[PDB]
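Letters are used for the chains, namely A, B, C, D, E, F, G, H, I, J and K, taken in the order the chains are written, and counting of residues starts over at 1 for each.
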Amino acid sequence: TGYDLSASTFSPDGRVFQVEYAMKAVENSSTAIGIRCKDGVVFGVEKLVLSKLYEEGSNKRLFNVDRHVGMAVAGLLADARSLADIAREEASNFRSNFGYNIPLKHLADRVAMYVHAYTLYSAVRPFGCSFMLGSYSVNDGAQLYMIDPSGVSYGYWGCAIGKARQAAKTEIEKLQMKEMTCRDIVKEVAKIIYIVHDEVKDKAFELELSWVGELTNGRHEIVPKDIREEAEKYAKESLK
Amino acid sequence: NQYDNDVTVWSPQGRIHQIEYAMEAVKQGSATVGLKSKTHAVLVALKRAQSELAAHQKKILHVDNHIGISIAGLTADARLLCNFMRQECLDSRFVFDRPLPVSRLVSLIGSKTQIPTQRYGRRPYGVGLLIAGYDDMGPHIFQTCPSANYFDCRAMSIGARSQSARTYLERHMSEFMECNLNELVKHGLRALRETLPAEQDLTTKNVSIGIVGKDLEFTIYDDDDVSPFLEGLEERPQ
Amino acid sequence: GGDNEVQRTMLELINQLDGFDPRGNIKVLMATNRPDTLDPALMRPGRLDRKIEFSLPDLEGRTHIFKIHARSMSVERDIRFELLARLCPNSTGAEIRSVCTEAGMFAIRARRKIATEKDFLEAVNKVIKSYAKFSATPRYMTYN
Amino acid sequence: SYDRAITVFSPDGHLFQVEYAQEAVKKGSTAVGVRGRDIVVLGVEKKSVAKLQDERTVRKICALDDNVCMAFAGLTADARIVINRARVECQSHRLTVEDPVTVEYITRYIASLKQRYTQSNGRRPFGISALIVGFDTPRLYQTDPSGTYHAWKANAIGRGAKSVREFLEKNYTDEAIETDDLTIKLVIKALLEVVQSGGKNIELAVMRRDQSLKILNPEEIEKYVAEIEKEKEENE
Amino acid sequence: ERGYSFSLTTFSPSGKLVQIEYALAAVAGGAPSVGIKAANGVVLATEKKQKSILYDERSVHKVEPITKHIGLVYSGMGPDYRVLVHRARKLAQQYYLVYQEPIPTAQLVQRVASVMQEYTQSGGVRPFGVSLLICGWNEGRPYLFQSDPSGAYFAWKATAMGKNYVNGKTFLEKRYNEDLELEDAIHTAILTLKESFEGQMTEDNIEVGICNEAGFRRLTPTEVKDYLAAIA
Amino acid sequence: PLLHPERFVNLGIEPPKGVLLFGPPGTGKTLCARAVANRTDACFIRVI
Amino acid sequence: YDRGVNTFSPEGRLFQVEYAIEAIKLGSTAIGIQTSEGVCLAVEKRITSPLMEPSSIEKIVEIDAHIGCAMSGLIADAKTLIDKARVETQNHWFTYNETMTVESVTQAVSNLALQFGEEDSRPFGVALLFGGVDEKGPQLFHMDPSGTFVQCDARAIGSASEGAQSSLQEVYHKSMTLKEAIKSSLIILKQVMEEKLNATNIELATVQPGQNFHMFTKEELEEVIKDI
Amino acid sequence: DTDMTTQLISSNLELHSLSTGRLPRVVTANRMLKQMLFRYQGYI
Amino acid sequence: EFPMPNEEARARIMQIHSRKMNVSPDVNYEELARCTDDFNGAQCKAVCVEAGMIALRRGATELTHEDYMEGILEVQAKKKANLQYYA
Amino acid sequence: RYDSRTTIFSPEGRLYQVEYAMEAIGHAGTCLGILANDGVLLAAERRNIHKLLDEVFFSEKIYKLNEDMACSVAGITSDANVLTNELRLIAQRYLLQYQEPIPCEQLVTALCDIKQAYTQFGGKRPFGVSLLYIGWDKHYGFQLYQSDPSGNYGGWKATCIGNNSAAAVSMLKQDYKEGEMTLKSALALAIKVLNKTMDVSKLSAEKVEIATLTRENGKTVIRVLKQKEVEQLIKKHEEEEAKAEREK
Amino acid sequence: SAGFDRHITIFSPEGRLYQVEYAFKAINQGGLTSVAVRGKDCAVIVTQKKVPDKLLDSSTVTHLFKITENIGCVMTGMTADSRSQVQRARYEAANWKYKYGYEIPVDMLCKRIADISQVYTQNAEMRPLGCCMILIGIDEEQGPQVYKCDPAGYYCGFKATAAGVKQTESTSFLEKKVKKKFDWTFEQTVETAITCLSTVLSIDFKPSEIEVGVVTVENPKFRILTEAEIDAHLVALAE
C-alpha cells in the first residue's frame, strides 16, 4: 500500500509490486504447456470456451510469430495479441535487416526487452500476459523459451503457464523429453492438458495443438485434425 | 479501492478495474444481436429514442460495401472507431484494390483499442462492436469488447438486457447455418424481442437491420424497410 | 477505547436483527441522512435488506411538492408552480416548504391577503438563490 | 472540491476556476465607460499613489489603436499582457487587410485570447475585465475573464460595479448623451458615485469621432466637477 | 509546513524552497572537504576514505581537473559529482572553442551554477545533491568558488563543506592568513581535514589538488605522504 | 407483507425485513416514517 | 470517478459529460420546431441590464444562408462551436459547390465535440439546435456536449427543458404550419418564462424552403406577440 | 575549415583524455576526424 | 477464514436462495455471478429477494434474468437510467 | 487550500503563490533607490559578511544591464542571476535591432512580461525576485523603477525593498524633497536610511555598497562607489548626528 | 520521515534518496550471490547458479554475460533489469569501439553504465534498474580490473567485491583474505572466490550449482569455465 500504484515505485523491501500483480494476473489464466521433443517443439493450449456462441478456433492462443516460431500465450488476451504483433514486427525487422530467419533465442531476448520496458514507467503498465516461444531449425535444434510479465526469459525443456503450472509441471518432469520425437509428445501433451483441466470449474474447453520440428520441415504449424483427434482419444482413454 | 482510478494500475487480485468499467459501459447501450447463416450475416439493433418525437438514434453504422457494424456503448467511442475502420477499409481498397477481410479489420480494431488499456492518457474505448461482414472465407459476426478482446461468434448479443438474447441464440444456434435470409432475419428479430420488456414490442420505428450477403452489399433497413422483415413474425406468447 | 459501550449496544442490535435466535416478524425501519458512517455489519443486507434512497426531487416531483405545500395557503390561482419548481434545481422538499412559507411571509409583510406569483419568485430568490452560491450575475453572465 | 482545476465541471456544471477569475476584477478599481453620438468617454478611479511614486507607469486607459482604446480592471500584469497582445493583433489585422481594425473585431480577439487560457490546464486564466471603446459608429464592448464579450451602451467594472451600474441605468438617457460635455459630465457623476474623493482620483479619457485620444488634465476635470456641483446645487 | 517540502516549483507560505534546503542538507551530510586560497594559489583537499580495503582507492578520484588551470572538488552525492564534472568540462571546451582562450574561473563557476540551477526550476527533476569547490588561476590571481544546488555561487577565501563543516570553519579563521603560501595552504588544509577525519590519514585516504600558476594538478600519493609526514 | 402476506408465500419469496432510508437532509425520510406510523395498523416503536 | 474525462465509473458512466449537461441546464430556454413548411426557432433572451445592447446576446446565429443555430450554456463554447459550424459550411461549399446539409453540419460540429478527450480538455458545455432547409426539406437537429446528435421534430434545450419538452409533446403534430408552430413556440415560451413575455425578452428565427432569406424577426415580433 | 576542424577535434580529445586520465591514441583522433569529415561529404 | 464468495460460489449461493422461488429455467446464474463482483452471501440472498419483489412489482408469475439484474442494481442502491450519450 | 499551484485562483481571486513570493522578497537584503536632480543611486547591504568570504565581484547586488542602465537585486540568488542575464540579453537585442539604447521603461516591461509568464503558465514557479532599475534615456531622463515577483512594475522617485522595506519607505517619504534633491543630498539620505533600517549600528561601510548613475558630457557614466568614499560618507553622517546632538 | 519515499526525485528532510535505497534492497531480490576477485594477473567472478527445476535448460540460466570479447560481466538482482543493463553495456562498448577505434576500458564501461543510472536517478522518468553489474577486464598497462556498478550510479574498482543477499559476509571474508599478503595466482584467485562463496553459503558446491567466469593476462578473453574445470578447481580446493 502506497508503494503499489506505479511500476516505477520500489517497495521498501525492494520489489516492484505492479510486476507481481501482473504475474498473478497471468496466474488466473487457463493452463498452456510447451514441450520440446527430440526434434521439435509442441505447444498444447487449453482454451476455456466461455460461451457456446463462440466459433471453434475463436480466441486462439497459438500465434505464429514467424515462419518457424510459434507462441503459446497465457494471460490477458488483448495484451497477448499486442505482444504477438510486437514479436511479428521484431521478426520481420530482423529478416529485413539481416536476410535470414531470426534465431528464437534472439527473438525471445528482444521481446523480453519489449516486455521489460513496460515495467519501468508510470505512464504504462506491465504486460498482463506470459507466453512461450518455440522454434526448430536444422542448425539450432529445437528451442523453447518462456517470458513472464517481468520480462525474464530463459530456455526450458518443458513448462506450463496459467492456473495449473505446478500441476502440469509434475506430469511434465516424468517424461524423457530428450528422446522421443514430437509425434508421441503430441499425445503426451494432450493427456497432460486433459488431466490438468478442471472440468467442474472451467466447464467445457477446447484443446489446440501446434508444433514446429523436423517433421514439419521447420515451419511452425497447427497440428492437423487427424493427429489432434488421435491425441484427444489417447487423453480420454486415460480416465483411469 | 485505491487501484480503481487508472487503467495503468494493476489490482492486487490481478485485475484492471478500469477495463471492467469499460466493459460495464457496454451494457449502458441498447441490446443488439448479430448472427450468420451459411450465406448471409444479419445484425438487428434496437434503437432508442430520447424523446417521444425525437428520431431514434442510429444503431447500425456503414463501414464498407462488405462490412457493417452495430454499436453498444459510448457514442463518441463508437463514432471514432467507425471512422477508424472506414479509413482502414478505404486504405485497403486503395492499395490492394480488394475489400478488407473482416478478420484482419477486427484484429486491427483490437490492436488499436488495446493501446488506451496500457498507456495512460486516454480511456479505453467504451463501446462493444458487432461486426457483420462477408469475405472470401464466408460470412462473419465478430464482437469487439472494450478490453480489446475480440470473439469470432457464431451468433452474439451485446448491450442492456442482452442475456436473454444470448440464451435464445444459444438455443437456436444449430438452425442458423441452413437458413435463408428471411429466416435468419426473423431469428434475429426474435432474439432482439427477447430482450424487450413485456409491454414493449418491436415496431418499425425502433428496429434497425443490417444484412451483408453473397451477392448483397451491406444494406441497412430502417423504418418502412424493416416492415418486410417484421411482417409474418409470430406474436410473442402471453 | 473509543465508545465501546455504544459499539456494544450497536453489536447487540446487530445480533437481534439477524443471526442465531431468529428475529421473527419484526420489520425494522432505519433512517439516516449520513449513511456512509454506518458499520458494514449493520449495513449488510441481512439486517437492513432493502436500501431505499431518497434523492433530490425531479421537476415533476418538485411541482408536486409545491402543490402539496401551497394547498392550504391563500394564494392566487395563476401561480405557475412548474416555474417555481424549475427555479429550485437542487432543492429538498423542506426547501420547497420554506419557499412557500417565505412567499406567505412576503405577502404578509405588505399586508396583502393573497400571495401572488411575484411573492413566490421573491421567496425563491430569498431561500434558494440568496444562499446557494457566490456565482453573482456578472459571473452568471458566463452562461446564456 | 471541484475548484482546483479549470477543466473540471462541477456537479451542477460550474467551471469554478473561471468564476474565481472574476474576483480579481472585483478587486480592481472602478472603471466606467459610456458612448455618445459623437464621443466615447471612459473614466477611471485613479487611486492615490504614494508620495514618492511616479504615476506615469500606472496607466489603466490604454489605446489599442488610433481608433480604439481600452480600460481594464483586475490584475495589472495580465492587463499589460492582454493590451500588448491586442495592439499586436490590431497592427497585424491592419497589415493583412487594408481597413483598420473594428472595435468589435478587437474585442472578439481579446475574448478569444482570454477563453483560450481557460480551456487548458496548467494555464492561469487572465484576471482582468476590459472596456473597449472605439469608432468604426461609436461602439462600447466589455470582455470577461471567462472569455465572453458584450456590447453595452454603458458599463462600469471593478470595485464599484453594482452601485455604478445602478446609477447608470437610470441616468443614461438620450439627452444625457446629446452633448459631448453632457456625456463627459455623466461619466464624471457616475465615477463620483463611487470614488468618494473628487477630482484627484478621477481620470477620464474621451475619444471623438475620427479624432485621437485626449486624457483630461486635472483642470478640465476640475472644471467639469465644479459645473456638476453647481448643477446639483439646485436642491436648496 | 511539511506540505510544501515535496514540490520544487511551489513557494512555502514563508517563501522558502524547502527541497533546495534538503539538497543542501544532503550536501552537508557528505564527505568532509576543505578549500583554502593563499596568495600563491588554491588548495582543495578531501577525505577519500573507503568502507573497506576492498575498494580500489585509485579507481575513482574525488579531486578532478576541468581545464589545465581549473580544478574542482565536491561534497555531497557521488554520482551527481561525475555529471557536474562532465558538464563543467564540456562548458570549458565550448568556451575554448568560441574564444580560443582557457575559460576564466569566474565564468566557469557562473556557467556551472546555471547548470545546477537548471535542475531546480522544474518538477520531476531533482536538484544536484552536491556542492562544488572550484579552484582556478587567471591573471596572476588565485580564485576559489563554491557552487551550490541552489545555483548560488560565492567566492570563499577558505571554507569547508560536508560532515563537520562547522568544525572546519571554526578551525579556520584561526590557522588561515591571507598572506600564506601554497605549502602553508596544503598544511592548513590537511590539518583542517584532520579536525574531521576519523582514523589515520593514510596517503590513500586523502586527495589534495593544487591550483597554482602552472595550472591545476592533483597531488600524487607520494607527495600526500610527504606532506602528512611533515604535518604529523 | 403485513396486510396481504398471501401475495408472497405463493411465490415463495421472503420479503425484506429491514429498510434503510438514506439521502440528503430534508428529503423526506422522517416524513415517510411518520406516514408509515400514521397507517401502520401494527405496533410502531419510535426508538429514541 | 468524477474528476476527469478519461475515468470510467463502476456503472460505466463518465461522470464529467453529465456535468456538462448540467451546465446546459442553467443556460436559457430554447425551443425549436420543424414543420413541412420550414423551421421555427424561439429563445428567451434573459436580458440582464437595459444598458446592455440586446443585439449582443447571440442566442440565435446564422450558420449559413440556409441554416441557423441556437445555443444553450456557456457562451465561449457555443461561439467556438458556431464558428466551427460556419467554417465547415464554407469549406464544404468550397470543396463541393453545394450547400452543406444540416445533418452534415451537425455531424461536423459533433466531430469537433467528441474530441474533448482524444489526444494523448473538457466537453463543450452547450447544446446546439441546428435548424435549416436542405435537399430533403426542412430539418431540425439537436447536439449535446458528448457529441451525440439526433434529428428532433421539436426540441427544447436550456433551462425549463423538461416543462417545455412536455408541452411540446402535448401540442406538436406532424402537419403543423409555420405560423401555428411560431404561435405554439411563443405560448410555451410565455408559460415557461418568469418575466412577462414581450418583444425584448425573446428572439425568433425561421427558415423556409423558398424563403431562406429573412432568417430572423425584427419588430414583427410584436405582430405575433399581441395576436397570441 | 581545417582550423575549426582541428580545434574541435582537439577539444573533443581533451575532453576524452580528461575523462580517461590516459594519453589519447592516434587511432581515436583519426577516427573522429574521418567521421566528422565524412558526415560533411567533403565540404570542409 | 471466511472469504468473499467466489464467482462460482456466488452462483451457488444464488441458486440455493432461489430454490423456493419460481425461477425461470433460462436464468444464467454464471452471468449474474459475473455481474455481482464483491458481493457477500447476504448480498446474493438480497439479490434473490429483490428479484422476487421486482417480479411481484412487474405483476409476473416467474422470475426472469432481467429481474435478477434489476435486483442486483437495487441491492447496491444503484438506479439504472438511459444516459443520452450512450444510445 | 489553493496555494499548491501558481495557476490556481483562490475563491477570493488571489494568487497565493504570487503573494508568497512577494512576502518572501522580505527575506532578501535591503536595497534602496533614490532619484535626484542630475542623478540616481542604489544602495544595498552586503548581508552575509563573513571574514572568510573573499569579495571579488564588488557588485553582488548591483548589476549593469545597458550602457545607461543599472539594476539592483533582492530575491533568490539563481532567479536573480537568470533575470539579470536575460535583462542584459533583452537590452543588447534592442540595441542590435534599433541601434539605440533601450529607453529604460520598456526594458522593465520586457522583463516584467517574462515574470508574468511564470505566474500564468503551469509547471513554473514564480520568479521570487524583485529588483530596482535606475537609468537615463532621451525621453524621460533619469528614471527609477520598481519590479515585483508578479511582474508588476511602477515608477518611483525613492523606494526600497528587502529587509525593513516599510521603514525605509516611510523614512524616504518623510525626508525626500521632490524637485530640489541633488546627488549629495540623495547619498546622505540613503546613508541615514540604511543606518536606521539596518539593525547593526554605525553602518560599517564594507557592509554597504552604493552605485550611482550620472550624465557626464553625454557618457552616462555608471559608478560603483569604492570603500574609500563610503568611509567619508559614514564619517559625514556621524558628524551630522553629533551636530544634531548639540540640541540637548 | 518515511513519507518522502514515493518519488526518486524527492529529497528527504535528512537529505536521503529513499527510492535508490529501495533499489539497493531490490538488488537482493534475486536470491543469489556473486563474488569477484582480482588476482595478480587475472580476474575471476563466481555466481550462484540456482536451477530449482529439472525442466529449465541449464545453459540459458546463466547469470554471466559477455559484454565484449575482453570485458565480461556478472549480474545480480532482477533478471530482466540485469539483462537490460547488459544489452545497454554491450551497445555502449560497441559505440565506444566504433567512435574511438580501440576497445573500451572496463573503467569506461562501468563509468557509462553508472552515468546512465544516475540520469535515471535524477530525472523521474524511468524506474532505476535494480541490478548490480560486476565487470572484469584485462586493461593494458593496468593488468586485470574488476569494477562494480550499482543502481545509484556509483561505480568503483575493487581488488575483490561481492553482491547479492550474502554481500556483507562475503565482503568481510574477502577483507579477512586480502590483507595477508599472498601470491594471487589464477588458481589462488579462483580458490579465494570459491572459498568465499562456500563459506558464506555453507554449501558443498556441486559443480552445477555455480558459474565461474575468468579473464587472464595470458589470454585477455572472457572465458566461462566448463563444468569439468569447475570440478577440477573444487577438488583442488578440497585437498
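Operating definition for what follows: a residue touches a chain if its C-beta (ideal position, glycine included) is under 8 Å from a C-beta of that chain, and two chains touch if they have at least 3 such contacts.
Chemist: Considering B-G alongside F-I, which chain pair is linked by more C-beta pairs in contact?
Modeler: Between the chain pairs F-I and B-G, B-G carries more contacts.
Chemist: Indicate the whole-number Å distance between the mean C-alpha point of chain H and the mean C-alpha point of chain J.
Modeler: It comes to 48 Å between the two C-alpha centres.
Chemist: What whole-Å value do you get for the distance between chain G and chain K if each is reduced to the mean of its CA atoms?
Modeler: From the centre of chain G to the centre of chain K is 71 Å.
Chemist: Can you check how far apart chain B and chain E are, centre to centre, with Cα atoms defining each centre and the answer in Å?
Modeler: The separation of the two C-alpha centroids amounts to 69 Å.
Chemist: Provide the list of chain I residues touching at least two other chains, using ranges where the numbers run on.
Modeler: 46, 49-50, 83-85, 87
Chemist: Identify all positions of chain B at which a residue touches two or more other chains, and write them in rising order.
Modeler: Where chain B meets two or more other chains at a single residue, that happens at 6, 25, 28, 50, 57, 74-76, 119, 121, 166.
Chemist: Of all the residues in chain G, which ones touch at least 2 other chains?
Modeler: 11, 13-14, 21, 23, 25-26, 73-76, 146-148 - these are the residues of chain G that touch more than one other chain.
Chemist: Looking at the whole structure, which two-chain pairs count as touching?
Modeler: Applying the touch criterion to every chain pair yields A-B, A-K, B-G, B-I, C-D, C-F, C-G, C-I, D-G, D-J, E-H, E-J, E-K, F-I, G-I, H-K.
Chemist: Which residues, counting only chain K, touch chain A once they are in their complex?
Modeler: Of all residues in chain K, those touching chain A are 2, 5-8, 18-19, 22-29, 53-57, 59-61, 78-81, 83-84, 87, 124-128, 130.
Chemist: Touching residues of chain G toward chain B in the complex: what are they?
Modeler: Checking each residue of chain G against chain B gives 1, 5-14, 110-111, 114, 117-118, 120, 142, 146-148, 150-155, 165, 168-169, 172.
Chemist: Where on chain D is chain C touching in the complex?
Modeler: Residue positions touching the partner: 12, 14-15, 18-19, 22, 144, 146, 148, 150, 161.
Chemist: Once bound in the complex, which stretches of chain E touch chain J?
Modeler: Against chain J, chain E makes touches at 3, 7-17, 37, 106, 110, 113-114, 117, 120-123, 143-144, 150-152, 154-159, 169, 172-173, 176.
Chemist: Which residues of chain C touch chain I in their complex?
Modeler: Against chain I, chain C makes touches at 44-46, 49-51, 53.
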